[PDB]
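Chemist:
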Amino acid sequence: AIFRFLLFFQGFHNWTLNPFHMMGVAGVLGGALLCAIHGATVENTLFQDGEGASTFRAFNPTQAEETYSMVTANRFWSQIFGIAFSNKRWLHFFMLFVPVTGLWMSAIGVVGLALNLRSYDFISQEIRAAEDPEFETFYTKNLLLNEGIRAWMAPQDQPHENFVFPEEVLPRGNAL
Amino acid sequence: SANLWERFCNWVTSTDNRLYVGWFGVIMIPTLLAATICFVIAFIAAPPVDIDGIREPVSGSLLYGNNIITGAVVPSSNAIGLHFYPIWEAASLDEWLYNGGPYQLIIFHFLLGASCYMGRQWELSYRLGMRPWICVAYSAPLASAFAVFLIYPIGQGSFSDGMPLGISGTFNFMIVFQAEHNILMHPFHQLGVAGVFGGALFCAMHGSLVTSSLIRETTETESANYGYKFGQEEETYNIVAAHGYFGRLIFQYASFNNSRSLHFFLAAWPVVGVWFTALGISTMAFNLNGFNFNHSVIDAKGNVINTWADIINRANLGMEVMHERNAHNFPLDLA
Amino acid sequence: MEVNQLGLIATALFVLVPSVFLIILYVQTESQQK
Amino acid sequence: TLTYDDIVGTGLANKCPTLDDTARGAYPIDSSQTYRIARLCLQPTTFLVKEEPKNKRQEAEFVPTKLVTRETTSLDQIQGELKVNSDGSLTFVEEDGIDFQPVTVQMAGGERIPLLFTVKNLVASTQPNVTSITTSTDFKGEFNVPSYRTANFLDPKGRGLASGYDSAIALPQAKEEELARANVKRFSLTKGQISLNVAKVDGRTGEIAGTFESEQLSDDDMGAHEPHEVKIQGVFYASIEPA
Amino acid sequence: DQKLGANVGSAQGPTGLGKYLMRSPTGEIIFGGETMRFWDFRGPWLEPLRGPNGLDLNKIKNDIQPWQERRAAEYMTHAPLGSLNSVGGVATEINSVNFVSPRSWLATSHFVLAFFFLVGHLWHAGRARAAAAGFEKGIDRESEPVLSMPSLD
Amino acid sequence: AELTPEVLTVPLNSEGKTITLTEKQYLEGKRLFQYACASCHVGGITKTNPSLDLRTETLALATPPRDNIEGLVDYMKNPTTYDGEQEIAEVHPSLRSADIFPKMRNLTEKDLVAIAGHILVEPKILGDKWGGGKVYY
Amino acid sequence: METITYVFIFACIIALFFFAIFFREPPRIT
Amino acid sequence: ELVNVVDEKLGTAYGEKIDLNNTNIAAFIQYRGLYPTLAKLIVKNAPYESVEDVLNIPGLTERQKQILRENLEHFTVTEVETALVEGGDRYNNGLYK
Amino acid sequence: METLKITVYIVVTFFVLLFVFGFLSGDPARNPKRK
Amino acid sequence: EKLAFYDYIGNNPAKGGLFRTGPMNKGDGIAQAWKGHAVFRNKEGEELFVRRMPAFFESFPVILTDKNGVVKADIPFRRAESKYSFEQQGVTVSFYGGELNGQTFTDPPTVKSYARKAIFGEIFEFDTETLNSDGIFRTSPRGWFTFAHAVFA
Ligand SMILES: CCCCCCCCCCCCCCCCCC(=O)OC[C@H](CO[C@@H]1O[C@H](COC2O[C@H](CO)[C@H](O)[C@H](O)[C@H]2O)[C@H](O)[C@H](O)[C@H]1O)OC(=O)CCCCCCCCCCCCCCCCC
Ligand code: CLA
Ligand code: CLA
Ligand code: CLA
Ligand SMILES: C=Cc1c(C)c2cc3nc(c4c5[nH]c(cc6nc(cc1[nH]2)C(C)=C6CC)c(C)c5C(=O)[C@@H]4C(=O)OC)[C@@H](CCC(=O)OC/C=C(\C)CCC[C@@H](C)CCC[C@H](C)CCCC(C)C)[C@@H]3C
Ligand SMILES: CC(C)=CCC/C(C)=C/CC/C(C)=C/CC/C(C)=C/CC/C(C)=C/CC/C(C)=C/CC/C(C)=C/CC/C(C)=C/CC/C(C)=C/CC1=CC(=O)C(C)=C(C)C1=O
Ligand SMILES: [Ca+2]
Ligand SMILES: [Fe+2]
């Protein structure tokens, strides 16, 4: 019942093309990166505080020294990515920021979809597509996918509208 | 000269280079410069590509009417399928740009380099005396590019079915995928979103817990960040106060107190979840799709009682029935 | 093509203005003695 | 003879057969014995696209163009009866075969010029009184050039002739007179000229060879813009047999 | 359609490419439609129709045998498309034909296994190299290698 | 809202006489229909030739009439074209060709009657769905 | 005009990249 | 002026009855015993100048001629339209279920 | 065009050799301690 | 006129887009006059009705039904088997009150044009020149104020 909410938004609001939804994902996707990346950076940049292989027990629940080489981590990334943290206070605040900002943006985009004030089309594109029949972008392509979603779904998805779309009116490509 | 080659190997491998050009790097640096340089030119000036092999060019570059959001580098022709299409396989560049040659030059060099990029994430860790495995975290996002840029095409029989290199072009890959595979209804994708949602979630948890339990060493009107010096001996936050709060939010045994176990979980979760998402695309590349509950619940007479699973099928049919307008000549979509 | 006339200036000031902001600060920070 | 595998990938498959320098003979025509063409074949070598003077009329010369698609140009398996006529001439009449191939060539500017290189419904003829087919025994005639794209083809915005949208649905309240031409699809049908002039005969097996030159129009894109004039030069191979 | 009186050789499809037969990039005659991507398929049932230039319009025109017609029909209706819960067909299909090609099962199971094993490789190889040189349990608090290297800054 | 005997009572022969199936035959047919038909006739259509469906009306205008137990049964033994002017047992499963379509070997006259009954009963329950394709899914 | 604007910003981000990697504030210890 | 020949054809006999010169072959499946054999002959045997000219297809067995006579009321005939006949569209116009 | 193929080929060989003859050069050796 | 004007989907704040800038006039154009009420009928004299466009839909199909809601006519996508084309039904359109008052139109294209318009409610006459409109709906101040305050809040 949530997947149709997704499909709906594509089909009717062309939500994937919305600047705010994009920021949304950049944050959630980018947030799930910091998560993974920071975790691994820590586990493979640890000091030896035990004689075992399973280094989990080797941890001081009672502070004291940093359990992983923040100095080594810095040099690693500074040589493989070119950029690297060097202020755990910032590295951790950043981790709060990225995914919380992302979700905030994805919200605004929807607050706009309430009024249907969507980010459906690019006018310059539509105008050229009207006059010139050979102009085709991955954008125009998508809009057609939407037409199909709307036409074939609307009927059983909005019962209160007693929709009746004769077979001949249903948009369809060749053969399919 | 202690011996040129002996020296060369000492430089390459040198851990004193601003950027660690490694052994894997010797393959990476060039392949990645080609991929990048070809892309940027393509995306800006490449001409229309007959992606579907039906002589119906799709222009996806800026200079040919696209903007950042719509523009993309279009996949090689379907007329080409899985055949290798190196520039030296075309009567001319004009022919090569029309059949989507740039696409292959890019995906192959990128995938090649992005792998070595992994090989490097190991090497440097070795030359520095740190434990490996970071490169194993990066195996997830890589294993995805692979699934989306190569496995899926191999499986489907053509590179023209690989994900395009552009914003909208990607949404296309998604919307159609869903129609042909009903991915949202597949265990692997779900595990994928759990990992991504979860990741972002946890990323926020850690991030906040820690940042909120920092030991005071800063002024009231001074960036709380300065309270940390690069190359500190002791910790910069009270991981015992952190655990104290979080243990009370939910309940003690449901909270981490071992920074090492915390960080393993922090890495394990997203990487494991994305691994499954990548295996999903690599699996639905052989047509083992999501659950098909169409017309499952039926009543006492035989009538079909719809579920949300059915409302999903209609939305899928719309996509099926409209994608690739002119490419089909027969009843079943087996390609 | 058939784009918006103000699009150019909207993008220009959208980049300039805040960039000019940061820059004014960074340089005035950077030049503070000791 | 070579098997499929002996040709696959060589491009050899898109080449009409050839006769050797020897075979420059002459085939006899019984005029009382029906004959047919077991296999006509046309291989393009060049595609020239007549240019336009613009306002200032200065004549328009055909210009070479690059073949942007690949080796998919050849017409093969053409077949029909080669009836002998009262005046002793011969007229070929095609029935069926791979009689058309969609070709696309680029130009100076970078413009892609798609055409439906064909010879559908060919009606080639020769000189009156032609007892035996000698080297250079001109065949000339017309054929039909159907619309490049067929009735069902839909443009990037869904509009089509036999199917598809009625208008620019992306611009719900726009004036329509201006968009007229691009919303209303028209199906073009035209005539073409070709001449198959022999160069190699071989009365022995009754298989002649040569070169052709044909002219036709290119795609007008469901009538959205004007078609370009095209000239096509190549070679052909025909298999004449009593039958 | 050929039985309905259609001339497969000259049939023109929506795009102007050839409803039933078209040419591959190197000139050979192949089946048309999205199936142009599989022109590399060879098979007992289909070979007898192939000529030295690919599908021969004469054999296709009168040498097609019934066992082939039903072979093509069988295989057409048993393509390797199906769902996790084993519902043969396209994702939009209806329940009834419970089937998922053995070729799909095998191929997926083994790509997963094949994959995870490549991770297994990376993991056990990464461990072995640190184990050998000897640091797979942490950086020596005392002798921290990085700390003896010049600053690149 | 149930499959009563009524919904099961379908035309037996051309001369109006009818027969009434039982919930056992029905299910049994439905199972057999899946075993030897769905492959190509899933949901009343025909994948290897979409022009001819199993809609009762389509079977009514068939030649001979195939819209009754007797009809469909004959068909499953000696199949013909829509005008009946040609036997197709060679490329269509049937009893006279079980050597070529093994799935048809087990099949006994009892089974053929059920399959036939299913075809006439389905549209009675599903209606338009049975004939049409994805449009109705 | 649009193309120019898109490429410019891109060119500006790459410039940033450069300066960020090669002209950062050297990261000092203790 | 510009017009969609097909949408215009639907305002004539074609659009009300099986057009022997345009309508696609599958249309014959809506009447008893016309499909396979006869529909092929009708379509295969080019255009007709009047519905009855169908009764004149060479070879038609006496029974076929009978059937044809019966269904003539369901046929008509109009100018051959290229958009509808080209591409062999009368044997397969890209429509299935 | 047949040239470019040659060149490309040469170029890729160089790097691929540089790569194999690289790890071959006693790579285990290169690292902080035990070697 | 004023009353008829409110019965036009082009004044529905729910139509529009986030980057579809400007007044409502840059869209459909400056409203000039009410063409009049359009009544559609088919050969039998039966009066048909145009199914209106729900705000949710960017594009919507032209479907015509009688009082009881039975589909009597429509504008087909695939003509191959259309049963209700305006052509096959002799659909006609007549106007009452307004610019087109007292007039009737019967040539398919013109009838369909107006049918295509009926979808948005009362048919009007716009001046698209002046503002160089593009014919793509934009939202009213009511709409913008609402979006802005819901976000700020
Ligand atoms: C970072 C940490 C990461 C940790 C990661 C952990 C990963 C753990 C993975 C664990 C398990 C993977 C399981 C794969 C299962 C595949 C099951 C399946 O193929 O099953 C097939 C069956 C069959 O279903 C039946 O399918 C049937 C019919 O098929 C057919 O039958 C018909 C006749 O009956 C006809 O013949 C027809 O043609 C034919 O196709 C009928 O329709 C039935 O009505 C229908 O019930 O499955 C059913 O019933 C299924 C009911 C399923 C509920 C499934 C939930 C699955 C996953 C939930 C995941 C939640 C994750 C949250 C994660 C949070 C954080 C990570
Ligand atoms: C490819 C990557 C991608 C990514 C990263 C995202 C990311 C996101 N999307 Mg998209 N989306 C995509 C692709 C993507 N999307 C595509 C292709 C489509 C189709 C076009 C959509 C369509 C879409 C829609 C329609 C929506 C999103 C929304 C969102 C955001 C949701 C926020 C969230 O996590 O819920 C937040 C969840 C909560 C607050 C609930 C938390 C409840 C907690 C407190 C307790 C649970 C406890 C419970 C009691 C325990 C027991 C449970 C029981 C089941 C066992 C998020 C930023 C949503 C959005 O924009 O929101 C503003 C939205 O509506 N997306
Ligand atoms: C508003 C509430 C809401 C809620 C509760 C959910 C909840 C869920 N969504 Mg959903 N979603 C929402 C809004 C919401 N969504 C919106 C607005 C959108 C966009 C339109 C989506 C889009 C979306 C997608 C695309 C997917 C989901 C999925 C899921 C499930 C993910 C599990 C996970 O890893 O989460 C992170 C959470 C955890 C790791 C913690 C587990 C919490 C729960 C399960 C248990 C708590 C247990 C108990 C209370 C505590 C222990 C007590 C002790 C005594 C035993 C989950 C049930 C996925 C799915 O279907 O998976 C099968 C999926 O693919 N959602
Ligand atoms: C507070 C509410 C408010 C509202 C509802 C409006 C509404 C309107 N204005 Mg005004 N306006 C306002 C405040 C407001 N204005 C102010 C303060 C000024 C002076 C600066 C103006 C100056 C003004 C002019 C000069 C004109 C209008 C016009 C219009 C109408 C334009 C129609 C349109 O397409 O909008 C377009 C709406 C948008 C583009 C909003 C999108 C904002 C997005 C792009 C960016 C958010 C940026 C941020 C960086 C995102 C993420 C950040 C990250 C850190 C998280 C519309 C009725 C036009 C008119 O009256 O025509 C007849 C006109 O010419 N307005
Ligand atoms: C889709 C969202 C997503 C993106 C975009 C993304 C991106 C990135 N992740 C990286 C790293 C990582 N990501 C990680 C975990 C994760 N990453 C995730 C999700 C993402 N990660 C998730 C969910 C996880 C958790 C499992 C890890 C653990 C790492 C790393 O270690 C690595 C890193 O170094 O981070 C610091 C970076 C590797 C850069 C590189 O080697 O460039 C190579 C090329 C460069 C720099 C420039 C040349 C560009 C040329 C080759 C491009 C040619 C064109 C492309 C092939 C086309 C693609 C573009 C599309 C728009 C079509 C890169 C910025
Ligand atoms: C002319 C031409 C070719 C033009 C264009 C070509 C083209 C296709 C361009 C595409 C680009 C494009 C338009 C993208 C659109 C997306 C976009 C710009 C969105 C912008 C708006 C947006 C998302 C705003 C807010 C949301 C948000 C916070 C997103 C955050 C994303 C983000 C930065 C994620 C992090 C990714 C990442 C690599 C983090 C690394 C962190 C760090 C280096 C780890 C190293 C490290 C780890 C440790 O653990 C420790 C301990 C230390 C010490 C340490 O160092
Ligand atoms: Ca020109
Ligand atoms: Fe941390």
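Chains C, H, S, L, U, V, Y, E, B and R are the protein sequences, given in the same order.
Heads up, the first sequence is in the working numbering, so the first residue is 1469 and it goes up one at a time.
Heads up, the second sequence is in the working numbering, so the first residue is 273 and it goes up one at a time.
Heads up, the third sequence is in the working numbering, so the first residue is 3 and it goes up one at a time.
Heads up, the fourth sequence is in the working numbering, so the first residue is 1174 and it goes up one at a time.
Heads up, the fifth sequence is in the working numbering, so the first residue is 108 and it goes up one at a time.
Heads up, the sixth sequence is in the working numbering, so the first residue is 345 and it goes up one at a time.
Heads up, the seventh sequence is in the working numbering, so the first residue is 701 and it goes up one at a time.
Heads up, the eighth sequence is in the working numbering, so the first residue is 17 and it goes up one at a time.
Heads up, the ninth sequence is in the working numbering, so the first residue is -19 and it goes up one at a time.
Heads up, the tenth sequence is in the working numbering, so the first residue is 166 and it goes up one at a time.
Here a beta-carbon is modelled for each residue, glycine too, at the ideal position from N, C-alpha and C.
1) Near C:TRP1483, which residues of its chain fall below 6 Å by C-beta distance, leaving aside the five closest residues on each side in sequence?
2) Ordered along the chain, which non-local residues of its own chain (more than five positions away) have a Cβ less than 8 Å from that of L:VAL1236?
3) Output the residue ranges of the alpha helix (DSSP H) runs that lie fully inside the stretch 1484 to 1517 of chain C and measure 4 residues or longer, sorted by chain position.
4) Against chain C, with Cβ distances strictly below 9 Å, would Y:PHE717 count as a contact?
5) State the DSSP-derived secondary structure class of L:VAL1222, mapped to helix, strand or coil.
6) Please classify L:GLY1283: does DSSP put it in a helix, a strand, or coil?
7) How is L:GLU1414 classed by DSSP in three states: helix, strand or coil?
8) Who pairs with L:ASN1317 in a beta bridge, going by DSSP?
9) Use the C-beta contact count for C:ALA1575: other C-beta atoms within 10 angstroms, 16 or more gives buried, fewer gives exposed.
10) Output, in chain order, the set of chain H residues within a Cβ distance shorter than 7 Å of B:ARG10.
11) From B:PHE3 to H:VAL284, what does the alpha carbon distance come to, in whole angstroms?
12) Give me, in chain order, the residues of the same chain whose beta-carbon lies closer than 8 Å to that of H:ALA417; leave out the 5 immediate sequence neighbours on both sides.
13) Quick check on DSSP: helix, strand or coil for V:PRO355?
14) Can you list, in chain order, the stretches of the alpha helix (DSSP H) that have 4 or more residues and sit fully within the stretch 353 to 427 of chain H?
15) Checking the sheet assignment: what are the DSSP bridge partners for H:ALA344?
16) Would you kindly check if the distance between the Cβ of U:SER190 and the Cβ of H:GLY562 is under 9 Å?
17) Can you tell me whether C:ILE1548 is helix, strand or coil according to DSSP?
18) Return the first residue and the last residue of the beta strand (DSSP E) that E:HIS90 is part of.
19) Between the alpha carbons of H:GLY294 and L:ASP1393, how many angstroms are there, rounded?
20) Could you check the C-alpha separation between V:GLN430 and V:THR424 for me, to the nearest Å?
21) Could you give the residue range of the beta strand (DSSP E) that holds L:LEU1248?
22) What does the alpha-carbon distance come out to for the pair C:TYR1607 and C:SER1554?
23) Please classify B:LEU(-16) as buried or exposed, where buried requires at least 16 other C-beta atoms within 10 Å of its C-beta.
24) What in chain E is Cβ-close to R:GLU252, meaning under 9 Å?
25) How close, in whole Å, do the beta carbons of C:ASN1610 and H:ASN444 come, if the pair is a contact with beta carbons under 8 Å?
26) Pick from V:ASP411, V:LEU456 and V:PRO409: whose alpha carbon is nearest that of V:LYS421?
27) Any chance you could list the residues with Cβ under 5 Å from a heavy atom of ligand 1, keeping chain order?
28) Do you know offhand how far L:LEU1215's Cα is from U:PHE148's?
Modeler: Reading from the atomic positions:
1) Position 15 of the first sequence, counted from the start, is the residue given in the question as residue 1483 of chain C. Excluding positions up to five away in sequence, the list reads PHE1477 and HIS1489.
2) Counted from its first residue, the fourth sequence places residue 1236 of chain L at position 63. Cβ within range, chain order: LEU1221, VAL1222, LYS1223, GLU1224, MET1280 and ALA1281.
3) 1487 to 1511
4) For the purposes of this step, residue 717 of chain Y is identified with residue 17 of the seventh sequence, where counting begins at 1. Judged by the 9 Å Cβ criterion, Y:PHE717 is in contact with chain C.
5) Looking up residue 1222 of chain L in the fourth sequence gives position 49. In the structure shown, L:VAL1222 sits in a strand (DSSP, three-state: E or B).
6) As a working note, residue 1283 of chain L is residue 110 in the fourth sequence. If DSSP states are grouped into helix, strand and coil, L:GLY1283 belongs with coil.
7) Translated into positions along the fourth sequence, residue 1414 of chain L becomes position 241. Strand at L:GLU1414.
8) Taking the first residue of the fourth sequence as 1, we reach residue 1317 of chain L at position 144. Answer by DSSP bridge pairing, in chain order: L:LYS1293 and L:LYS1364.
9) Within the first sequence, residue 1575 of chain C is the residue found at index 107, counting from 1. C:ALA1575 should be labelled exposed.
10) Taking the ninth sequence and counting its residues from 1, one reaches residue 10 of chain B at position 30. Going along chain H in sequence order, the residues near B:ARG10 (Cβ under 7 Å) are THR285 and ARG399.
11) Locating residue 3 of chain B in the ninth sequence gives position 23, counting from the first residue. Locating residue 284 of chain H in the second sequence gives position 12, counting from the first residue. For B:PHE3 and H:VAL284, the distance between alpha carbons rounds to 11 Å.
12) Translated into the one-based positions of the second sequence, residue 417 of chain H becomes position 145. Within the same chain, H:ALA417 has close Cβ partners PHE382, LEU383 and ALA386.
13) For the purposes of this step, residue 355 of chain V is identified with residue 11 of the sixth sequence, where counting begins at 1. Strand, per DSSP.
14) 365 to 370, 373 to 399, 406 to 409 and 411 to 418
15) Here residue 344 of chain H refers to the residue found at position 72 of the second sequence. Partner(s): H:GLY438.
16) Within the second sequence, residue 562 of chain H is the residue found at index 290, counting from 1. Within the fifth sequence, residue 190 of chain U is the residue found at index 83, counting from 1. Yes. Within cutoff.
17) Taking the first residue of the first sequence as 1, we reach residue 1548 of chain C at position 80. Note: C:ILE1548 maps to helix in three-state DSSP.
18) Counting from one through the eighth sequence, the residue named residue 90 of chain E turns up at place 74. That residue, E:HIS90, is in no beta strand (DSSP E); it is neither H nor E in DSSP.
19) As a position in the second sequence, residue 294 of chain H is number 22, starting the count at 1. As a position in the fourth sequence, residue 1393 of chain L is number 220, starting the count at 1. Each residue's alpha carbon lies about 56 Å from the other.
20) Stepping through the sixth sequence from its first residue, residue 430 of chain V is reached at position 86. Stepping through the sixth sequence from its first residue, residue 424 of chain V is reached at position 80. Each residue's Cα considered, the two are about 5 Å apart.
21) Mapped onto the fourth sequence, residue 1248 of chain L falls at position 75. 1248 to 1254 is the extent of the beta strand (DSSP E) around L:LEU1248.
22) By one-based count along the first sequence, residue 1607 of chain C stands at place 139. By one-based count along the first sequence, residue 1554 of chain C stands at place 86. Taking the straight line joining both Cα atoms gives about 42 Å.
23) Your numbering for residue -16 of chain B matches position 4 in the ninth sequence. Exposed, because fewer than 16 other Cβ atoms sit within 10 Å of the Cβ of B:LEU(-16).
24) Reading the tenth sequence from its first residue, position 87 is the one you call residue 252 of chain R. Neighbours of R:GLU252 on chain E, chain order: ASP23, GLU24, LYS25, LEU26, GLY27, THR28 and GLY31.
25) Here residue 1610 of chain C is taken as the residue at index 142 of the first sequence, counted from 1. Here residue 444 of chain H is taken as the residue at index 172 of the second sequence, counted from 1. Indeed they touch by this definition, with Cβ atoms about 6 Å apart.
26) Translated into positions along the sixth sequence, residue 421 of chain V becomes position 77. With distances taken between Cα atoms, V:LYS421 lies closest to V:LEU456.
27) H:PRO459, H:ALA466, H:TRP541, H:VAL544, H:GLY545, H:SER568, U:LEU191, U:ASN192, U:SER193, U:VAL194, U:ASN202, U:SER203, U:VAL204 and U:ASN205
28) Residue 1215 of chain L sits at position 42 when you count from the first residue of the fourth sequence. Residue 148 of chain U sits at position 41 when you count from the first residue of the fifth sequence. Each residue's alpha carbon lies about 27 Å from the other.
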